[PDB]
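Taken one at a time, structure 1 and structure 2 that follow are two forms of one protein chain, written as structure tokens.
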Structure 1
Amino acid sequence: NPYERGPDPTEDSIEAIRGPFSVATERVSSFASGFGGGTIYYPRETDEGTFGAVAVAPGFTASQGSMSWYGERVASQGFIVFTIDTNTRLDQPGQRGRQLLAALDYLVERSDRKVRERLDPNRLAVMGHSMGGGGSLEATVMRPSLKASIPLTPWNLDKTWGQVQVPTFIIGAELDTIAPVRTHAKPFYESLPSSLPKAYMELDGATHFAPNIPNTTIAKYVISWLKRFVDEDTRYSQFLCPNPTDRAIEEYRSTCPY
């Protein structure tokens, strides 16, 4: 597999705060007109080849909604990670879908050579929080060529996602009152085709902003999902299938084995 990067993984390596790659950053004032800016995190080491990328959207203007902590922690595992600033307000999940794709298109078409020369533009993913998570779903319908989608405590009034063709990992928060798993995350998950590689992980005792605080249970499976699908890296299948049983997990659902 020519997309494999980094040492063979372990339970410890996917839980690591700091992965095997060193990380540099590129600040972007505006990645698309009207859509605001963000921070690009990327692996510095180039001897293993280029990397896939994930755009990461918030769902609030409040600092509580920041997605910054995903940046170094995921990039250091071998990804270009574009965290989208909270400043620009978006009130619809579809807009978040468009914003996610605009951030990816910046990486592919407009980025500085330090980023462009490290990027495989064929291997892109989306991830987002709240309406940004609804946006992750939206983006996969807008662009079926995406390799992976991770809706975090997602919010969307549209409950049907049977046309999604992108491997999708939904993370829910048991006690969430803003995007309750009963009416958002779980219906979204169950509507995804049984033929799609998909998973649902619910965090025991967690509330809506759980994804905005460093969380090892979130990180280890976000990393594993991106590895398995952005890099086609079956070294990471072991962590995804059969269903994880981490103590922090209230429930896990999947279409394992993939």
Structure 2
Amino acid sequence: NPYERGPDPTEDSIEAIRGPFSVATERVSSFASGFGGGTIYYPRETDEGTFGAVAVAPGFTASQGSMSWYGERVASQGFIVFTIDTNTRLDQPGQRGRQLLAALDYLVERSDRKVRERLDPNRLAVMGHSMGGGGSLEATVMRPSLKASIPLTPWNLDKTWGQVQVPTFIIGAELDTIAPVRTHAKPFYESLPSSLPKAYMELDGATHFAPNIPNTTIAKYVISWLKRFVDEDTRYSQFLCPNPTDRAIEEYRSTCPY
């Protein structure tokens, strides 16, 4: 596997705040076409080759700042990470899906050459919080060539996702009162085809804003999911299959093995 980056992982290394790669940023103006601009986090070291990318959307009335902590934490594991702003704070999940795709296309077609020359444009993913998590789902239906999708305490009025053909990792918050897991996250997960590589992780005692706060449980499995599906890196299969049983996890569902 030519997409492998970084030293062989361990239980500790996937929990590390700072991964093996150093991180730089490039700022993208709000005048970008199709989305609200944002921040690109990328690995500085190039000697191991080019990297896949993940676009990251915030939720209803939230801004890119609610998702900033994913930038360095994930990019330092060898990913290009684009935390975006949406056109307006009131945009719906379908719009956020389009804007995730516009952000990824910006990376491929228009971003600074320091980013573009580090990018593998065929290996792209989406992630998002709340309505942005609904947007993660929407994006995969709009573009099945995506490698991975991580809806974080997702919110969406459409409850059926049987058309999704992109490996999808849904994270739920047990006590989420804004996108209740019983009417959003779990219906979404169960609607995904049983043949799709997929997973559900519910955080014990967490509220809607757990993904907006540095969370080692979220980070270690976000990292593992992107490694396994953006890089096809089966060194990380060990952490996803069988179901993780971290004390922090209320419930976990999966279609392991992948």
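Here, residue number means position along structure 1's sequence, counting from 1. We call the rigid core the largest set of C-alpha positions that still match within 1.5 Å between the two forms.
- Of the candidates 191, 30, 68, 207, the Cα that moves 2 angstroms or more after core superposition between structure 1 and structure 2 belongs to 30 alone.
- Residue 165 is not among the residues whose C-alpha shifts by 2 Å or more between structure 1 and structure 2 once the rigid core is aligned; its shift stays under 2 Å.
- Annotation: Cα of residue 87 displaced by at least 2 Å between structure 1 and structure 2, core superposition.
- A C-alpha shift of 0.2 Å is found for residue 117 between structure 1 and structure 2, based on superposition of the rigid core.
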